[PDB]
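Only one chain is given next, in structure tokens, and it is the form solved without ligand GDM.
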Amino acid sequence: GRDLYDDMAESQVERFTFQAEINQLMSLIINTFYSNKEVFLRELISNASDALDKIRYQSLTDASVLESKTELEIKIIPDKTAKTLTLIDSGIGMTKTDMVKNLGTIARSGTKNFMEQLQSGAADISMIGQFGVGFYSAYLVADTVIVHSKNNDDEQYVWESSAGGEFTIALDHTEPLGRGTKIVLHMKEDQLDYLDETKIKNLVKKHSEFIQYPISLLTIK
């Protein structure tokens, strides 16, 4: 059901509006109480794995695609001072238009039906990935989500949203990724426990049993 990757300083920033049902979903995720929000980490890792698969399989038929970053790996960085959780993958990455389309402007087939099932009790929040909208689970635990991405076909871009119906995209001149995606979750005050060393270690272990890529987990001292 996961399909995110399926087929003086001056800055130019473009603003976009979320597709109506995606906007509704984000509001539902933010303005409703959920007891168990661990799915957010499952989705971060699984989406990273999909991105890694996509570039790995593209490399079978075109080996040159890995020249931008030869490693296929995941890095997870909890940072209590910054109040952020970051997950970096060296997967396929997203061009600017990939971000525009896949991170909010284009309708997703499962959004309406997912929201109906949440309202009824037929589904719970842990099942979000099955409905192809798992990315948005980040808003269970984060006020703001920032997505830096670099695809071989484009320059590095950064997408940002604090919900409220809109997102922005701009050229990204921060640390070059080489290739892949860095997602930064600015954690809500009441969700900071997810940055605790043992808590995040256990969660990563729990949600990576079948992941076929190396994971590096940092602790900041």
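All residue numbers refer to positions in the sequence shown, first residue = 1.
Below: the form deposited with ligand GDM bound, not depicted.
Peer 1: Take ligand GDM as it is posed in the deposited complex, superpose the C-alphas around its site onto the chain shown here, and state whether the site is open or blocked, counting it as blocked when 3 or more ligand atoms lie within 2.4 Å of a backbone or C-beta atom.
Peer 2: Transferred pose: blocked.
Peer 1: Of 179-187, 192-200, 59-67, 166-174, which is the one stretch near ligand GDM in the deposited complex, taking non-hydrogen atoms within 4.5 angstroms as near?
Peer 2: Every other range fails; the passing one is 179-187.
Peer 1: May I ask whether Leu41, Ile77 and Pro214 all come within 4.5 angstroms of ligand GDM in the deposited complex, judged by heavy atoms?
Peer 2: Not a single listed residue reaches ligand GDM in the deposited complex, so no.
Peer 1: With a cut-off of 4.5 Å between heavy atoms, is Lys96 one of the residues that contacts ligand GDM in the deposited complex?
Peer 2: No - in the deposited complex, heavy atoms of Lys96 and ligand GDM never come within 4.5 Å of each other.
Peer 1: Please run the contact check for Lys54 against ligand GDM in the deposited complex: heavy atoms, 4.5 angstroms, yes or no?
Peer 2: Close contact exists here: in the deposited complex, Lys54 approaches ligand GDM to within 4.5 Å, heavy atoms only.
Peer 1: Indicate whether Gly134 is a 4.5 Å heavy atom neighbour of ligand GDM in the deposited complex.
Peer 2: So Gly134 counts as contacting ligand GDM.
Peer 1: Hey, in the deposited complex, is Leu85 touching ligand GDM, heavy atoms inside 4.5 Å?
Peer 2: Contact check for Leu85: no, nothing within 4.5 Å of ligand GDM in the deposited complex.
Peer 1: Taking only heavy atoms into account, state which residues of 105-120 are within 4.5 Å of ligand GDM in the deposited complex, ordered by sequence.
Peer 2: Read in sequence order, the lone residue that approaches ligand GDM (within 4.5 Å, in the deposited complex) is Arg108.
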